[PDB]
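> First, the structure itself, so that you have it in front of you.
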Amino acid sequence: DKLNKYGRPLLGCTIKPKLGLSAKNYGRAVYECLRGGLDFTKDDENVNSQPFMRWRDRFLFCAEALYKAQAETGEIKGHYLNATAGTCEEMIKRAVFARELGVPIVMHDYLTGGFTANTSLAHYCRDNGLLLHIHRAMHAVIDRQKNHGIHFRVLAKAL
Amino acid sequence: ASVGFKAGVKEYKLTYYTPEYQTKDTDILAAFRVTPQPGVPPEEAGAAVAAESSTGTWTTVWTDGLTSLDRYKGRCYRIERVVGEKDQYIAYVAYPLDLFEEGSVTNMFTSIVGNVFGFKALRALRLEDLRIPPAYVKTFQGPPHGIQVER
Amino acid sequence: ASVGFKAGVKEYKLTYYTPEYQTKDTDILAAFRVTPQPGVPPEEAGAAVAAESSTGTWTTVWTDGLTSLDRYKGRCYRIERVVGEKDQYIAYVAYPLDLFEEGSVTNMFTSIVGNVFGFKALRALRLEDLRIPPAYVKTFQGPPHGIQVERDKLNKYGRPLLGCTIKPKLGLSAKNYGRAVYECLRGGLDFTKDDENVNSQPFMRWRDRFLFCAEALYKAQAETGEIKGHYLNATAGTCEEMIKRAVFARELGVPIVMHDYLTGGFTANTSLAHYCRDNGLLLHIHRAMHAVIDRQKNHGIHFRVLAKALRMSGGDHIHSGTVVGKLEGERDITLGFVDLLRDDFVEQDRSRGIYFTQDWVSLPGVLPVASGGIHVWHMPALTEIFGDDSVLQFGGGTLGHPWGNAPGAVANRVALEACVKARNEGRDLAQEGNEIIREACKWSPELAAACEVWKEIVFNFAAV
Amino acid sequence: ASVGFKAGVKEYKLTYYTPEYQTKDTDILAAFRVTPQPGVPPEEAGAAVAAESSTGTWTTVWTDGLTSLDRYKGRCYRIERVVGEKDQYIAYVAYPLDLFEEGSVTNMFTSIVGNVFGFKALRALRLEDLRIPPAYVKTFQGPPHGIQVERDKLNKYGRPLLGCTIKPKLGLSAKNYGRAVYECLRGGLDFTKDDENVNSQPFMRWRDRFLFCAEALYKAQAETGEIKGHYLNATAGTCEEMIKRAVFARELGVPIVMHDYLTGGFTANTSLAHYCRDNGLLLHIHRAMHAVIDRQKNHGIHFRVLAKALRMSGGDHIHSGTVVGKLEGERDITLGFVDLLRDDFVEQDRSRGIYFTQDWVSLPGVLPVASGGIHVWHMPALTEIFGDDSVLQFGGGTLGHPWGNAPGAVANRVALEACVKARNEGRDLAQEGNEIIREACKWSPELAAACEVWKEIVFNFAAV
Amino acid sequence: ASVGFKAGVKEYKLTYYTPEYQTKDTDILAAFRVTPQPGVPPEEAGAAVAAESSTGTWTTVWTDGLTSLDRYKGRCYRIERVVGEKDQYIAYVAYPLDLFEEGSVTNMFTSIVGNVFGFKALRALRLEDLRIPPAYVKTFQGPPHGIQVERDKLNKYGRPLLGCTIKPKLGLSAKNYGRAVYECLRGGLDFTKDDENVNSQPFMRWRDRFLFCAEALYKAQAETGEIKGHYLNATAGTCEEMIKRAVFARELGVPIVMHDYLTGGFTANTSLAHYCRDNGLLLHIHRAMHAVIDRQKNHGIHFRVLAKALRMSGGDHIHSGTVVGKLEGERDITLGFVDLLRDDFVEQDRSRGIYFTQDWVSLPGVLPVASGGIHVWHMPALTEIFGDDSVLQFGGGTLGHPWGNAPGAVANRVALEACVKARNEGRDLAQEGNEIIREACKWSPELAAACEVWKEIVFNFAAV
Amino acid sequence: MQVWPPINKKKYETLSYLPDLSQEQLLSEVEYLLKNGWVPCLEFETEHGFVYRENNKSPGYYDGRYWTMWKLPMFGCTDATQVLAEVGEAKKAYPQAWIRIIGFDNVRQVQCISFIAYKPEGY
Ligand SMILES: O=C(O)[C@@](O)(COP(=O)(O)O)[C@H](O)[C@H](O)COP(=O)(O)O
Ligand SMILES: O=C(O)[C@@](O)(COP(=O)(O)O)[C@H](O)[C@H](O)COP(=O)(O)O
Ligand SMILES: O=C(O)[C@@](O)(COP(=O)(O)O)[C@H](O)[C@H](O)COP(=O)(O)O
Ligand SMILES: [Mg+2]
Ligand SMILES: [Mg+2]
Ligand SMILES: [Mg+2]
Ligand SMILES: [Mg+2]
């Protein structure tokens, strides 16, 4: 209803390389994917804030770029902004910046972050109107073997 | 950059297997216990685990030439057979400090264990140990108090 | 403990002179240039500097036995004679990591330079360099942004960034300031800025200046179609005041603020670097008061250290000196520290005064700023000595042009593009310098007017 | 305006050399000791120092006509030869009030010492004294409390306050720090304190140190029946950090905090003084780093100015030197700035290094602290030189006593009460010094022990 | 202490009459116009006024010996006979700095005017003037902005700013207020404003008026292409309410607010000035209640003092009177305090009622406002008496015009621009006044309509 | 003395203050880039010749910085002439485009160079 998208799968892309791209190049790569006709581009689940590119910098440029691409296409666009961080305070703090940018979705690695932080994030998203994409990093650590662990159907229920 | 962007798949082995490598004192090191799928050379399995853990994906993307992987790539610098063990090995991987967000175990685990345990090419994977360098150690607060203070 | 507590004085030498010592990769090392007092063996002078800088005092205290000084003691692991020099040496001291508070230049400075410079046993002391280990570097935020992001933000590549300090120093009104700003900026300067002592005074209040220079830079950016910025001085008397100003700049959408790190202090700077980081402002560091510390070759702290300290506490730009202008500064030394400011790793090079290999484990680099008594005719040298990753500032040299600011700007912007192309076509800014701007003076009316005016000026005087 | 804008350089001399000038009661005046470069007439040096310190640059800028430099220009109203000195002079400059931001030492220093010390035309520059006008004094808070309310609060009259720096410098655990503290205070010391470099480190974290020292001072106070205090170091890497520690000392109810004003910075100090004022904590200032600026007689800032700067910024205690101990300091000079620190009006007295009459218009005075390498045998001298309104500190002198802290505390309390009564009975601390403690050593076991141990120590070495 | 405590009453004279006294540059001086009671020697009267205003009471209290009254006592250093006046004198009193809380007019008035006006021994008392020393002036913020910055901001130069008070005083609906406002503003007035008793009432609530007047000035400014503003009244019953409204104007982006400083109070005023300063609003002060204090020549406070008091507390505009209109005010006196409001230095001129030289050490000056019962035919005089730096207001004179507000606006604008050019052409507003507007009424339809209606009106009545 | 005009002098960063670059001159540039190891890349814009600030005004945010990539960064190329080719190639197709040439230092990740290769008509 929000993105105005009906009848067909939404399409998306994870910018690569995984780590090592500069805030600016990330934005470049993002506009470029988006103008082509993808609905969404996104942060690789291990893209948080590192020496090669800091979260506030990436957020600012990816905002520039999706706004370019949406204008150009005339189709609402979004870029998953990764809010997964080391402390809830940091995490919400980034959530807060996406809200300031007006961007429509954020993302969170729910398992490496945790349920406690996840739920906080869902609430924050709920009240502030951002869509949250969950990335299941670490899950295969739990759900692969058929004899020991937790089956993803449970992890999926949990989310 | 350098070397034309040539689209298409290539084995991980080509960039993530580097037995040549001399570990730097600021590298995060990981001892993974890998058990490949039947036709997977350990040095491929081992490179898959290092790539999909640091900088690469499954096909060739031009963007790599924008930065420089020699600085950032995760890298499998040795394999060892698990004596008296069903095609099981010790792949050793090195991750450059630049890759991890300071103070964030959440970040560290998201990289080292985020997607690799589920590769089709592997049937089982297990992290046995991680060498945390002083340069990353000093970015954590660590315990509120610790043994002496508590006492 | 172990070894009875035996009350009484003992020479420093006994515990802090350790030539045996094998430095650890986590040790903070310091190269102090010591000049003892007549009867003081260098290794005693050297041991006092290390003791009174780390764990010890002048007499024997039982408490030492509670802990273990082997772990904590700072240690003088070598002395060297200063070839061809008045009983002057290089004492090398090593400080274990455990002694320094993380993230705090204040802490580091309190230890290494706290009390030792006033010892009666020494007559002069000077810190020349400090080796900051990666284990310590990783605990700092460093620059809010650094060279690449700054370029990336302002969208500016290939060539030195250009700037001008509005003058007179003090006395201009909120409004004149704006006027002057707009006028310099539309001409083609990238930035204008507050003089380091323009804070908030009866003649012009910070909030008034900030509101009008915003008006002006916005005018000048629309006009030219090139991102502009005006360094708004947030230096204040209290941290609260300081943040309060930074907060307004943020409200206005302007891109860079400024701070006099030494008169402000490290505690306050660190705070502003954090505030900038989180708010996305670029911060310009001004090194007022510095030469009070860094001039005499025999006593004080060398600028290369002051510079390191700042890449640690936080700053996008730092004033690095001009070699060729109104204030002191030699070329080799400057080159040395400029690499200390921008590179990732800098190899030890005594030639250039770098006593230790510095590895910055990817802390952002800082853009050096060349300012003070420089004009059109220096262009090609600055360009030469510094490279594109520098900011070159024209105060007098902009408001000093015969036709006013706009023109004075245009003159400098051409002078520099000129030099930049000469360079690119393969000319030699060092040999061919002089013709190049000379050549361009010919095709540019504004550039010409300039040339004529400052043709005969130089600041040659035998350096300290 | 008026008089056509005529581009180009001109000597400083033309506008900043004004021997004509009659200083206004509201002007900041500064005595600089200048040493020019060979071909530089003193009156040019002196005017460069005044111009590049207030309103001008190196070339002519039309903007000056927009305002009026007669109102704002800094001006060199006199030179004087330094009798029997190498082309060295005393340039005297006058700065109109309108130029400084109220309440800000940061701003004042940014102006007076900002850039002039690195002029190529000068070879050495040193600020010897600054006259602060009452119109500018009134804009400062000054000390949170000052001599009278501090004695009034702690309930302590007729004698120097006694203190001790816990040693080793770095390396003791939170717990051991408390033990040492309780032990020193129960003995009779008024205060104990953190070493200026004890902030928050791996070996001992700020909140753990604070929690145990509180437990300990509270124990010692109850035991002795005398108000005790432990200086808790609030020096931190960010203002936020700094305030945060100050806030816990408040939570524990302890009476005094401490701050290294120079490594911290005036911006952060002032913020602490304010916080201390509003929450009633006394503030102890540690002047770490000061000797980097104040040692050399030819270049730098003189402590009397650093001392002034603090009484403005805010501090209840400031380290004043000992004359007689481990670090440099001469008696007359010292007596000089000690009056600048405590008195309401201080008449000019070149004898003692005071270049201008200083009227403090009731700004509270600050308690000088005598510390570093002093012992039992120095008591009578210190008492003599400093009088009742001082804090005398025994680091080594306390923890170095053969019978540990308690006894070493007792030792110093007796030595001092000994001197005080001698004094009151009319003995002469300067002539009769030595017998007095010598006599006491005879009746006090703890004092004895001390006397025997430091008997032969002195720190005589020819001063800088 | 000294001199035994001797219980009992004594005449004031003994300690507070000191004709010996030599005033200090930091003393507050006051010129009181006293009228004793039959048997009271003026020097007693005078010393009562000085004692009961500083340190003393009616009997002898021992505590005086705890402190030193020489330091603190207020002192009557001279009386003068009021030539050709009923036992009326000028007692001159000196108050030392140390007695006043910095930044607080509240404090200063509590002392000087707290209790002496009701002594039984006096029959009438009245403060005529007060000398605020620079050391007390520098402790005030003064106007949020001042004449220069206000013009700089609104972009208005060379001529009096024009303004109108919407009428009726109370009873108009939020909506009509906005209507009336746009309509005045489009005609050419710079400002419209709330009547000083327009706060928040049943007929129209402050938030409603603010919203609509915002709509309307924004309309009018668009239309004219000339920055407009509408004084929004923030005077409220509690500081919280007051700031709260201040805050809404800020949210609307509007440029000025207003406050009745006397009925609100100094405490609330100063809060408002600070708020304005930090948030960039211009504040207009309305002197409601003042005539309660300043009319009678024998008892009260003279407006020159009330006017000084405001330039200390904070105000960008202050009503100064009209001379020529509905309420009391004589020309010379007015000329006298108008200079006290806008000038930097004002030399003493008993002619004009100024008893002391007043140096404002750069405090910004306030823009006097001419209002109440003034019209088209007063233009030339006002312009004469006040100069460009003045606000002249047309309440009735605007909503009283035969063709409504716009036209009325236009009328006053032309009238004033008319006066302005005549002045500039060299005509003589005073002699040539009358033709000048008379002339213009000829060429302006709106202006004419005006002239016709108010031609015969004047408010000549013999002053108090 | 002459009034620097306030009206049709919109700039384009580096080199835009010297006279229009001749193809030879321009050639020197691609040449330098190359000499250094920068991968040359092209981007053109046909609508927002200059930065704006429509979506946001926080510090550092400006709309209009990003341009469209012309094909891909020509990694491995060494023919100065070949990139020049491209410029030609793009004015053909986007005659109304503003076209620029940049140089990537991949080790530092900074655009080491940038100069406008072609303004559309009346700029
Ligand atoms: O105020 C000045 O004197 C300047 O602003 C330049 O104005 P001009 O360009 O007109 O001289 C100085 O470069 C720096 O401020 C001096 O310091 P630094 O040595 O630290 O760059
Ligand atoms: O750290 C120290 O050495 C002291 O703590 C004293 O310890 P001791 O009493 O054991 O020597 C010093 O007095 C001040 O800190 C030195 O400075 P200042 O000249 O500023 O007083
Ligand atoms: O309410 C009023 O009467 C006015 O608003 C004027 O309205 P008109 O212009 O219609 O009279 C008066 O100027 C001030 O308000 C009176 O005082 P002041 O002496 O202090 O200026
Ligand atoms: Mg992924
Ligand atoms: Mg400057
Ligand atoms: Mg100490
Ligand atoms: Mg009214």
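Numbering starts fresh at 1 for the residues of each chain in the structure tokens, the chains themselves are lettered A, B, ... in the order given, and ligands are numbered from 1 as they appear.
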Hey, which residues sit close to ligand 3? Say within 6 Å, counting only C-alpha atoms and all ligand atoms, and write them as a ChimeraX atom specification.

/E:165,195,287,319,321,327,370-373,393-396

> From a DSSP calculation on the backbone, collect every residue of region 169-233 of chain C in strand (DSSP E or B) and output the set as a list in words.

residues 191, 192, 193, 201, 204, 229, 230, 231, 232 and 233 of chain C

> Save the residues we just selected, N, CA and C atoms, as a short mmCIF file (atom, residue, chain, number, x, y, z; two decimals), in the first residue's frame?


data_model
loop_
_atom_site.label_atom_id
_atom_site.label_comp_id
_atom_site.auth_asym_id
_atom_site.auth_seq_id
_atom_site.Cartn_x
_atom_site.Cartn_y
_atom_site.Cartn_z
N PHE C 191 36.07 28.46 0.19
CA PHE C 191 35.73 28.80 1.56
C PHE C 191 36.24 30.17 2.03
N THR C 192 35.52 30.70 2.93
CA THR C 192 35.99 31.96 3.57
C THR C 192 36.01 31.56 5.05
N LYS C 193 36.55 32.22 6.01
CA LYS C 193 36.49 31.88 7.34
C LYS C 193 36.69 32.93 8.33
N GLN C 201 31.88 39.03 20.21
CA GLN C 201 32.32 40.29 20.85
C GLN C 201 31.34 41.40 20.61
N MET C 204 30.57 42.42 16.95
CA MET C 204 29.85 41.35 16.16
C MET C 204 29.64 40.08 17.03
N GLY C 229 31.43 27.15 1.29
CA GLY C 229 31.38 26.93 2.78
C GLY C 229 32.13 28.14 3.37
N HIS C 230 31.75 28.47 4.59
CA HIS C 230 32.39 29.54 5.33
C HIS C 230 32.75 28.96 6.67
N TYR C 231 33.94 28.75 7.14
CA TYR C 231 34.28 28.25 8.48
C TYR C 231 33.70 29.17 9.55
N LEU C 232 32.73 28.73 10.30
CA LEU C 232 32.09 29.48 11.39
C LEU C 232 32.80 29.05 12.70
N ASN C 233 33.48 29.94 13.33
CA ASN C 233 34.23 29.74 14.59
C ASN C 233 33.36 29.43 15.79
#

> Would you mind listing, as a compact mmCIF listing (two decimals) with C-alpha atoms, in the first residue's frame, all residues of chain E that have at least one atom within 6 Å of chain D, where only C-alpha atoms are what counts?


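To be explicit, this is the file written out as part_39.txt:
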# COMPACT_ATOMS: atom_id res chain seq x y z
CA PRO E 134 31.70 50.31 33.04
CA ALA E 135 32.65 47.60 35.48
CA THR E 139 28.01 42.47 33.36

> May I have the residues within 8 Å of ligand 6, computed using only C-alpha atoms and all ligand atoms, as a PyMOL selection string?

(chain C and resi 115) or (chain D and resi 165+169+194-197+286+288+372)

> Based on only C-alpha atoms, which of the residues in chain A come within 6 Å of chain B? I want them as a list in words.

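Residues satisfying the distance criterion: residues 17, 18, 19, 46, 49, 50, 51, 86, 112, 113, 137, 138, 140 and 141 of chain A.
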
> List every residue of chain D that has an atom at most 10 Å from any atom of ligand 5, giving for each one its closest atom pair and the distance in Å to one decimal, counting only C-alpha atoms and all ligand atoms, sorted by chain and then by ascending residue number, as a Markdown table.


| residue | atom | partner | partner_atom_place_in_ligand_line | distance |
| --- | --- | --- | --- | --- |
| D:52 | CA | ligand 5 | 1 (Mg) | 9.2 |
| D:53 | CA | ligand 5 | 1 (Mg) | 9.9 |
| D:57 | CA | ligand 5 | 1 (Mg) | 9.5 |
| D:110 | CA | ligand 5 | 1 (Mg) | 9.6 |
| D:111 | CA | ligand 5 | 1 (Mg) | 9.8 |
| D:114 | CA | ligand 5 | 1 (Mg) | 8.1 |
| D:115 | CA | ligand 5 | 1 (Mg) | 7.6 |

> Keeping only N, CA, C and O atoms, take the residues you just selected and write them out as a compact mmCIF listing (two decimals), in the first residue's frame.


# COMPACT_ATOMS: atom_id res chain seq x y z
N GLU D 52 49.19 42.00 14.30
CA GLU D 52 48.84 40.59 14.02
C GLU D 52 48.18 39.95 15.23
O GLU D 52 47.85 38.73 15.18
N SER D 53 47.93 40.69 16.28
CA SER D 53 47.31 40.45 17.50
C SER D 53 45.95 41.14 17.73
O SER D 53 45.42 41.01 18.85
N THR D 57 46.60 42.64 9.04
CA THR D 57 47.38 41.53 8.33
C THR D 57 48.61 42.18 7.69
O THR D 57 48.95 43.35 8.01
N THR D 110 43.56 33.55 22.62
CA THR D 110 43.54 33.41 21.14
C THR D 110 44.09 34.68 20.54
O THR D 110 44.91 34.58 19.62
N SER D 111 43.68 35.83 21.08
CA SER D 111 44.14 37.14 20.59
C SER D 111 45.59 37.42 21.02
O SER D 111 46.57 37.35 20.12
N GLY D 114 47.80 34.12 19.96
CA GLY D 114 47.41 33.39 18.77
C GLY D 114 48.49 33.07 17.77
O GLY D 114 48.91 31.92 17.71
N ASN D 115 48.89 34.13 17.04
CA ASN D 115 49.91 33.96 16.01
C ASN D 115 51.25 34.62 16.13
O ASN D 115 52.22 34.03 15.49

> Enumerate, as a count of residues only, the complete set of residues in region 196-399 of chain D that a backbone-based DSSP assignment places in alpha helix (DSSP H).

91

> When distances are computed from only C-alpha atoms and all ligand atoms, which of B:87, B:21, B:36, B:58 shows the smallest separation from ligand 4?

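Once distances to ligand 4 are computed over only C-alpha atoms and all ligand atoms, the minimum belongs to B:58.
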
> Please find the residues of chain A near chain F - the criterion being any atom within 9 Å, counting only C-alpha atoms - and write them as a ChimeraX atom specification.

/A:21-22,25,27-28,31-32,60-61,63-65,67-68,101-102

> Using only C-alpha atoms, what table do you get, as JSON lines, when you list each residue of chain C with an atom no more than 9 Å from chain F, its nearest pair of atoms, and their distance in Å rounded to one decimal, rows by chain then rising number?


{"residue": "C:147", "atom": "CA", "partner": "F:110", "partner_atom": "CA", "distance": 8.7}
{"residue": "C:148", "atom": "CA", "partner": "F:110", "partner_atom": "CA", "distance": 5.8}
{"residue": "C:149", "atom": "CA", "partner": "F:110", "partner_atom": "CA", "distance": 8.6}
{"residue": "C:151", "atom": "CA", "partner": "F:110", "partner_atom": "CA", "distance": 8.0}
{"residue": "C:152", "atom": "CA", "partner": "F:110", "partner_atom": "CA", "distance": 7.8}
{"residue": "C:153", "atom": "CA", "partner": "F:60", "partner_atom": "CA", "distance": 6.2}
{"residue": "C:154", "atom": "CA", "partner": "F:60", "partner_atom": "CA", "distance": 7.6}
{"residue": "C:155", "atom": "CA", "partner": "F:65", "partner_atom": "CA", "distance": 6.8}
{"residue": "C:156", "atom": "CA", "partner": "F:13", "partner_atom": "CA", "distance": 7.0}
{"residue": "C:157", "atom": "CA", "partner": "F:113", "partner_atom": "CA", "distance": 5.3}
{"residue": "C:158", "atom": "CA", "partner": "F:113", "partner_atom": "CA", "distance": 4.4}
{"residue": "C:159", "atom": "CA", "partner": "F:14", "partner_atom": "CA", "distance": 7.1}
{"residue": "C:186", "atom": "CA", "partner": "F:6", "partner_atom": "CA", "distance": 8.0}
{"residue": "C:187", "atom": "CA", "partner": "F:4", "partner_atom": "CA", "distance": 7.5}
{"residue": "C:188", "atom": "CA", "partner": "F:17", "partner_atom": "CA", "distance": 8.4}
{"residue": "C:222", "atom": "CA", "partner": "F:52", "partner_atom": "CA", "distance": 8.6}
{"residue": "C:223", "atom": "CA", "partner": "F:10", "partner_atom": "CA", "distance": 6.8}
{"residue": "C:224", "atom": "CA", "partner": "F:10", "partner_atom": "CA", "distance": 4.8}
{"residue": "C:225", "atom": "CA", "partner": "F:10", "partner_atom": "CA", "distance": 5.5}
{"residue": "C:226", "atom": "CA", "partner": "F:11", "partner_atom": "CA", "distance": 6.5}
{"residue": "C:227", "atom": "CA", "partner": "F:51", "partner_atom": "CA", "distance": 7.5}
{"residue": "C:249", "atom": "CA", "partner": "F:59", "partner_atom": "CA", "distance": 8.3}
{"residue": "C:250", "atom": "CA", "partner": "F:59", "partner_atom": "CA", "distance": 6.0}
{"residue": "C:251", "atom": "CA", "partner": "F:58", "partner_atom": "CA", "distance": 7.8}
{"residue": "C:252", "atom": "CA", "partner": "F:59", "partner_atom": "CA", "distance": 7.9}
{"residue": "C:253", "atom": "CA", "partner": "F:59", "partner_atom": "CA", "distance": 4.4}
{"residue": "C:254", "atom": "CA", "partner": "F:59", "partner_atom": "CA", "distance": 5.5}
{"residue": "C:255", "atom": "CA", "partner": "F:59", "partner_atom": "CA", "distance": 5.1}
{"residue": "C:256", "atom": "CA", "partner": "F:59", "partner_atom": "CA", "distance": 8.2}
{"residue": "C:279", "atom": "CA", "partner": "F:59", "partner_atom": "CA", "distance": 7.3}
{"residue": "C:280", "atom": "CA", "partner": "F:59", "partner_atom": "CA", "distance": 5.8}
{"residue": "C:281", "atom": "CA", "partner": "F:59", "partner_atom": "CA", "distance": 6.0}
{"residue": "C:282", "atom": "CA", "partner": "F:60", "partner_atom": "CA", "distance": 8.5}
{"residue": "C:388", "atom": "CA", "partner": "F:112", "partner_atom": "CA", "distance": 8.7}
{"residue": "C:402", "atom": "CA", "partner": "F:1", "partner_atom": "CA", "distance": 7.7}
{"residue": "C:403", "atom": "CA", "partner": "F:1", "partner_atom": "CA", "distance": 5.5}
{"residue": "C:404", "atom": "CA", "partner": "F:1", "partner_atom": "CA", "distance": 9.0}
{"residue": "C:406", "atom": "CA", "partner": "F:4", "partner_atom": "CA", "distance": 6.4}
{"residue": "C:407", "atom": "CA", "partner": "F:4", "partner_atom": "CA", "distance": 6.3}
{"residue": "C:410", "atom": "CA", "partner": "F:17", "partner_atom": "CA", "distance": 7.9}
{"residue": "C:413", "atom": "CA", "partner": "F:17", "partner_atom": "CA", "distance": 6.9}
{"residue": "C:414", "atom": "CA", "partner": "F:17", "partner_atom": "CA", "distance": 5.8}
{"residue": "C:417", "atom": "CA", "partner": "F:15", "partner_atom": "CA", "distance": 5.6}
{"residue": "C:418", "atom": "CA", "partner": "F:18", "partner_atom": "CA", "distance": 7.1}
{"residue": "C:420", "atom": "CA", "partner": "F:15", "partner_atom": "CA", "distance": 8.2}
{"residue": "C:421", "atom": "CA", "partner": "F:15", "partner_atom": "CA", "distance": 7.7}
{"residue": "C:424", "atom": "CA", "partner": "F:32", "partner_atom": "CA", "distance": 5.8}
{"residue": "C:425", "atom": "CA", "partner": "F:28", "partner_atom": "CA", "distance": 5.7}
{"residue": "C:426", "atom": "CA", "partner": "F:32", "partner_atom": "CA", "distance": 8.3}
{"residue": "C:445", "atom": "CA", "partner": "F:2", "partner_atom": "CA", "distance": 8.7}
{"residue": "C:446", "atom": "CA", "partner": "F:2", "partner_atom": "CA", "distance": 8.3}
{"residue": "C:449", "atom": "CA", "partner": "F:1", "partner_atom": "CA", "distance": 8.7}

> I want to know what sits within 6 Å of residue 299 (chain C), based on only C-alpha atoms, with residues of the same chain fewer than 3 positions away left out; could you give that as a list in words?

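So the residues in contact are residues 124, 125, 126 and 296 of chain C.
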
> Please identify every polymer residue within 7 Å of ligand 4, using only C-alpha atoms and all ligand atoms, and present the set as a list in words.

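Here is the list of contacting residues: residues 14, 44 and 45 of chain A.
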
> Using only C-alpha atoms, determine which residues lie at most 12 Å from residue 74 (chain A), disregarding the query and same-chain residues fewer than 3 positions distant; provide the list as a PyMOL selection string.

chain A and resi 3-4+34-37+39+66-71+77

> Output N, CA and C atoms for every residue in that selection, as a tab-separated table (two decimals), in the first residue's frame.


chain	number	residue	atom	x	y	z
A	3	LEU	N	4.45	1.73	-0.65
A	3	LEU	CA	5.34	1.80	-1.81
A	3	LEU	C	4.48	1.82	-3.10
A	4	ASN	N	3.18	1.56	-3.00
A	4	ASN	CA	2.32	1.60	-4.25
A	4	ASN	C	2.66	0.47	-5.22
A	34	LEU	N	19.29	1.18	-8.83
A	34	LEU	CA	17.90	1.68	-8.81
A	34	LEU	C	17.37	2.24	-10.11
A	35	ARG	N	18.03	3.11	-10.82
A	35	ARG	CA	17.46	3.68	-12.07
A	35	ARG	C	17.09	2.60	-13.08
A	36	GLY	N	17.89	1.51	-13.08
A	36	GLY	CA	17.63	0.38	-14.01
A	36	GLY	C	16.27	-0.23	-13.80
A	37	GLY	N	15.61	-0.21	-12.66
A	37	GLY	CA	14.27	-0.78	-12.45
A	37	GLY	C	14.21	-1.72	-11.26
A	39	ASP	N	13.56	-2.25	-7.26
A	39	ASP	CA	12.73	-1.47	-6.31
A	39	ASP	C	13.59	-0.98	-5.12
A	66	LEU	N	18.98	7.29	-3.88
A	66	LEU	CA	17.61	6.73	-4.15
A	66	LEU	C	16.66	7.82	-4.55
A	67	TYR	N	16.92	9.00	-3.99
A	67	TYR	CA	16.04	10.15	-4.34
A	67	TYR	C	16.26	10.46	-5.82
A	68	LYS	N	17.46	10.26	-6.36
A	68	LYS	CA	17.78	10.58	-7.81
A	68	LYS	C	16.97	9.60	-8.64
A	69	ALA	N	17.29	8.33	-8.40
A	69	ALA	CA	16.67	7.22	-9.05
A	69	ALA	C	15.16	7.25	-9.00
A	70	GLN	N	14.60	7.68	-7.88
A	70	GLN	CA	13.09	7.63	-7.85
A	70	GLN	C	12.54	8.69	-8.75
A	71	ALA	N	13.21	9.83	-8.76
A	71	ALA	CA	12.78	10.98	-9.58
A	71	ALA	C	12.72	10.54	-11.08
A	77	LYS	N	11.25	4.19	-4.75
A	77	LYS	CA	12.48	3.44	-4.50
A	77	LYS	C	12.79	3.46	-2.99

> List as an MDAnalysis selection string the protein and nucleic acid residues near residue 107 (chain D), meaning an atom at most 12 Å away when only C-alpha atoms are counted, but skip any in the same chain fewer than 4 places from it.

(chainID C and resid 170 195:201 233:238 242 259:265 288:289) or (chainID D and resid 53:54 99:103 111:114 266:267 309 313)
